2 protein chains.
Amino acid sequence: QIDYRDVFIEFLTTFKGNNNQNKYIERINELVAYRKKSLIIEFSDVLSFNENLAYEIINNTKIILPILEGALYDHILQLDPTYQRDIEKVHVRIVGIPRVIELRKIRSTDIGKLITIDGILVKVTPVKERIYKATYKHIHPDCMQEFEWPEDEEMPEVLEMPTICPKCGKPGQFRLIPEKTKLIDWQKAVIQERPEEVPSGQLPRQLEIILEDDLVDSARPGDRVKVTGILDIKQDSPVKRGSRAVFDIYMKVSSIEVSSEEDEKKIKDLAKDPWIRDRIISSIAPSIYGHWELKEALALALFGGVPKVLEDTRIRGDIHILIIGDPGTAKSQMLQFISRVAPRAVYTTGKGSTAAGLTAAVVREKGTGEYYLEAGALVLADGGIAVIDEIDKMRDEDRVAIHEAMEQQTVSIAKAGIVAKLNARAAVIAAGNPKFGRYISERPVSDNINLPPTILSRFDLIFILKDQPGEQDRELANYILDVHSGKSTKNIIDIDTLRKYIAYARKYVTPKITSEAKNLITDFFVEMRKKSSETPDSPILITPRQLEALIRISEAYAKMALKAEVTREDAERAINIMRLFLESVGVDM
Amino acid sequence: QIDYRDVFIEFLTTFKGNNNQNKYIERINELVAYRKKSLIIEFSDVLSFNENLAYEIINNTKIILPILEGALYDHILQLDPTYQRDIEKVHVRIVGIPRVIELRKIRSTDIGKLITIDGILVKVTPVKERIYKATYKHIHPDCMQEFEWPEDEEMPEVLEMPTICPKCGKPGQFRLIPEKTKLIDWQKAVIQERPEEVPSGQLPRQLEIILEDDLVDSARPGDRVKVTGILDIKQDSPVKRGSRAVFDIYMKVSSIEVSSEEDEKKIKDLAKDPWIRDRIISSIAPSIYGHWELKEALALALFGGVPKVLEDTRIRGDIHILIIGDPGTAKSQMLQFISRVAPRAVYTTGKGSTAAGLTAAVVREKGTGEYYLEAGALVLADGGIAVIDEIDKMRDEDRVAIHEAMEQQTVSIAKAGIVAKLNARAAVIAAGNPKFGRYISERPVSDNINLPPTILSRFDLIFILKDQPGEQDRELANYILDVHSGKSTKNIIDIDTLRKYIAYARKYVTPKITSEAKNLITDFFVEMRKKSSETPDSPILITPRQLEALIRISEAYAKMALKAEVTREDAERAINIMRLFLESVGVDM
DNA sequence: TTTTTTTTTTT
Ligand SMILES: [Mg+2]
Ligand SMILES: [Mg+2]
Ligand SMILES: [Zn+2]
Ligand SMILES: [Zn+2]
């Protein structure tokens, strides 16, 4: 019953952070600068500053938030009077609630309590409007009266029309007045539980969440998010009894987090090492022995090149990798690692995917009856990585649907009266087997690969893996047994900080090409084309795409070291890795 | 008539177990300590204690369960006052009801009586909430009153709204208040009669069951269960009568069991025998003569290896077996035995299965038009064994769908805008025929097997069965005729005991590899690779998967004897069995 | 009719 409003202001005005800079007065300082009407607090900070204040938010969230928000609004107005007439209400969001419940473990006892759920966002609906205070007109020739229907209370989830006119006490028919109605932004989304917590032999469960006001459009499908709010039962058709007094539960979102300054200097410290490139390469798939050239190639695809956007056209900045090898060469294990270390990645297989599922699918809503598009794997992976294992198992009639997405990075649809064009700027990493399961050295490369030259030319690098039992078997056997015995390689960058390093590099680093790098690349390309003319039977063609592959690879190498320009050293590395690619496919220079 | 609360409390505090250790008091504090809020009792024990009490439970169940629930709650409160305010109700569940009725024999006379049904779980719905006590607000400008609608009575299965406001006596509008409404967990499941119970020439029947409160998520689809509760008629759509006074029936589950200390003593006693491994192998398919190496191989697949989960990757721990042989070599009979003895197994046929049905199917829900996922055979067999007979009859373009699930133990779907990943950690035992029905010795092994090298490398062991007539025919004929004569081989572990032994071993034994075993395994693998390179024509490739097969087989042998370490003896057995596999496919060692 | 995944008969 004690007044907590005064506790809030002294908390906000007076608080010391880890950096000792009064972190919580700059956020409100920027609150009026951009008029975002939303302030973020941490439960750990509120607990340390006042244990009693923290508890009251947890258990009395229903009837403490409007008072707490109202107190903050008065303080903001005192700081700057111009905030008036721009924002009517200011929301404060609480994160870090210790009450974390798994999606499958929610029971009846959790209804009406503030909880947190971690999951995957799978579906988002367009932003709509919800009525919380309506205005009606009594259509009865004596009344012609206006009145806000829900008195001293907001409109519930179910819309209800008055039966007795409050202005005359008589029944009749009432007409809604949209211009005098108060609205609020409304959005619906579906959260799916992570695959880690799914029990054996069961399908993942889903939960419906509601985003309102400024929380709309705060995430995209495929993101991993943490949502905090209040559970409630969902009402859809209360008018129809139809027996079955059984309801589904939904969650009203109060705050959402999508999966800091100390990381920046940690990343900067790593980039200062002259051998950072070797450290990153050694940190790719530590459980796999050997395959150094493959690990280097996979590292480049994670960073990628610099996309170019011009007045008349744009140039792809992503790097595509194709691996062909004998079974058991650990191709799939490295692809699994890539899908975990990448900040955004989608893992698909050749057999378990279709053309519609990879790019875009036309789905007809049975209720309304109209067609609309559904995002495929490549569209959802925009700005990230797409992994396509067992690419050779795809039907050739179905695999050609990704030809334009791999180069033009767009998906074109002309179906069921829908014409659209969606961006699919995603790097593609694929693996497969030769025509006869294992590579046959007694036959030409033409019949071993069994892939059209059109798709081969779209891959920046192609590595052919051969399982040759030699003198390294003992070393390979010892390494594998050490892994099975729990022994772990040391002096490597762990996956968590490695993911942060890649995300930072792809966002703030844009290398530039210098004059000396141009000459090295130009000379090498001429030799590549000249050497290719010697053997025209090979299904590997040296097209102008190969020249742009060198530019992208060179930029990727500089991006690993966080350099702002491409020097001759980065150009030399790009030539070296390209040379190994050519030797694998049988082109020797 | 009389009150049994004193007897019930006395029975719990005075009953004696098998060792007269009062097997019921130590369950009470376990209920208090974990707040499990559900206690079970045995009907045999109650009958053995007081016959009159058992009859009252078995007959007057609907008027004695609340009475015993209240008596139990009071005894808990005095034992521990902290139990209050956390659990407001504790249910007691009675099992072992003598009233057992087949699913097909249920008639109107059994309605309203406590019965028990044994069947197979097929469908489970997500957990929902059911209202048992509602709260309404009369929307009439004079009332603004809140009240609990169902007075001194639980809310029926049909949602009924008040017609006359009790607080004012007038009709009008009533608004539900979710905050004051009381809810209870609710789940719906479907149970099917056992295949051995279905009459000739008819499809199996199904029954709908309801699980509430703590009984939700008590089992997974495909389980074998025994459900006890009260039968009742189902009221689903009472809005319009439409004549048709005919109703279905459904079961309100009171206690459910799936498929102990005395068993543990029996299991541990078996492991003391030095020849337990030989004794176990002799118990595999006792009705099949010969095929000792096959029975040994099948025994290993039942136990499996030790899966390894690391911070960056995971390693398969399951063992896959492939059998190729001439027709009439008892391949199908042995596979049928594995289905019976395995704690969890799924039997499929190559011709009677599809790619979608084996892994996962995307189907369009008719009511809404939205696509959703259906679990395949491999997903349902997670943590168990998947049996695929006539694998050679599968279409090659369709058989490749299981390549991912056999090594990475995952199922990936990218179809119709659905991207998902599912766990399929199951062991695969497959059988089939050579290319020409019977094995042809003139032709090489490559054209006889007629399988791609990719699928072959996935199998830990491959055995080729040749039906060669010889001097052993007389022994085989005598053995078969004795089986038809009713004679049974003795000194073999019965199937029920063997199933318990395997389940215990797979749950509590995690063998570790010693230094001595590492040296033996490494030497053999190096030797295998050298021999393979000498004859680069066989369809079997010695990939690094073969090295991991040796580790998995070694752990299985140790796990068979409930050993915590892999000594050198287990390594020699693993090497020896692999030698027989290599000689079967014509690879000399 | 229309796109989609699926098992099925029949174009
Ligand atoms: Mg693979
Ligand atoms: Mg057979
Ligand atoms: Zn009026
Ligand atoms: Zn009233």
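Sequence lines set the chain letters: A, B, ... in the order given, protein chains first and strands last, and positions in each chain run from 1. Scope of the values below: all heavy atoms of this structure, side chains included, with no hydrogens, waters or symmetry mates.
For A/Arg194, the CZ atom is densely surrounded, since the number of other residues' heavy atoms within 6.0 Å is greater than 12.
Protein atom CG of B/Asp398 is 11 Å distant from nucleotide atom P of C/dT6, rounded to whole Å. Taking atom CD on A/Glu374 and atom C1' on C/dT3, their separation rounds to 12 Å, with Å as the unit. Distance A/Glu365 CD to C/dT4 P: 16 Å, rounded to the nearest Å. For A/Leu373 and C/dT2, the CG to P distance is 17 Å, given to the nearest whole Å. Per the geometry, CD belonging to A/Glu370 stands 15 Å off P belonging to C/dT3, to the nearest Å. As a whole-Å value, the separation of A/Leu358 CG from C/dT5 P is 10 Å. Per the geometry, NZ belonging to B/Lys415 stands 16 Å off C1' belonging to C/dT3, to the nearest Å. We find that CD1 of A/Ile413 is positioned 8 Å from P of C/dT4, with the value rounded to whole Å.
In this structure, B/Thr354 reaches the C/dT7 phosphate: one of its side-chain N or O atoms is under 4.0 Å from OP1 or OP2.
When all heavy atoms of B/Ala381 and B/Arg220 are compared, the closest pair comes out as C-NH2, 4.5 Å.
A side-chain donor-acceptor contact under 3.5 Å links A/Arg314 to the backbone of A/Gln409. With hydrogens and angles disregarded, no donor-acceptor distance shorter than 3.5 Å links the side chain of A/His403 to the backbone of A/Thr454. Of the possible polar contacts, one joining the A/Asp398 side chain to the A/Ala355 backbone as a donor-acceptor pair under 3.5 Å is found.
Spacing of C1' atoms, C/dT11 relative to C/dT7, comes out at 16 Å, to the nearest Å.
In this structure, B/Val362 reaches the sugar-phosphate backbone alone: every heavy-atom distance under 4.0 Å involves primed, P, OP1 or OP2 atoms, never a base.
Across C/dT5, C/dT6, C/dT2, the shortest atom-to-atom separation from the side chain of A/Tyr371 is found for C/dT2.
When the nearest nucleotides of DNA chain C are assigned to A/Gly357 and A/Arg364 by heavy-atom distance, the more 5′-ward of the two goes with A/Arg364.
Judged by the sign of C1'-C2'-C3'-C4', the sugar at C/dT5 is south, the angle being negative.
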